[PDB]
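Take a look at this single chain in structure tokens; it is the form deposited in one PDB entry.
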């Protein structure tokens, strides 16, 4: 809430640039700026003060001065009053509808939940499920519910094979009091970077979670990434729990630490860390950290035995998961 007006303004501009303008680097620029400002431990008194922060430049500083003086931004007032911009922005809130499809839909006269719900024939699988659970997917998940979900996933995984290790990542691993969805990092010894010695390792877990009615729908499903929907069991005469988004990522066992770093985030933290790695001459993904050659082609994976090792390579002091949040 310190500088919350400013960070809200910048987040709104980010979403506009992503959803309406389709300018992913401007979106990221506004998000980077929002993040550094959120971290800044002083009440910002001018745009020039803000501009000293990395990621805040001339145009954001001028917007900040406007906001400080008036309590609003004309650019955003205008955006808020434009039906077409608002409609496109709205439709992107449905899982599976991004900026491109949102624009195409609004151009075809589809601009409301009502319009989506009578035009389901125009929606792909992912989008149909996103619409079905539109309200539920907007709701956050209390940590208490995350803990019940974790208990279910870890116990069902164990029933399939005691050699699986499932780790709940994302905001949950960062200590958050509520989470947007559940993210599960999965490993099994027969899946490494050197061999897949058993097939269907992810499939058997997904199937077991479906069998016990925890997983209720599938948005997408490959050999290493599952994206879908789950729901806690509720008791007699109690309202149902909201359906929840779940992501499962099966990662090579020997690459657990790059995997857990990726899947713990936050998203902005990973972008900042990965960008820092590049400046240091390395590239990081969910599998490995590799050095960069002169043309920017990656070399051989470096040895990693801990999350901290990755930080060490790029000369960052270790940040515990709880300090990787926005």
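Numbering follows the first chain given and starts at 1. For the two forms, the rigid core is made up of the largest set of C-alpha atoms that agree within 1.5 Å on superposition.
Same protein, other form: the form deposited in another entry, not shown, and the subject of what follows.
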_So that I can tell if residue 17 moves, could you say whether its C-alpha shifts by at least 2 Å between this form and the one not shown after the core superposition?_
no
_Rigid core superposed: residue 59 CA moves 2 Å or more between this form and the one not shown_ = no
_residue 211: Cα shift of 2 Å or greater between this form and the one not shown (core-aligned)_ = no
_residue 267 and residue 128: their C-alpha distance differs by 3 angstroms or more in the other entry. Do they come closer or move farther apart compared with the shown form?_
farther
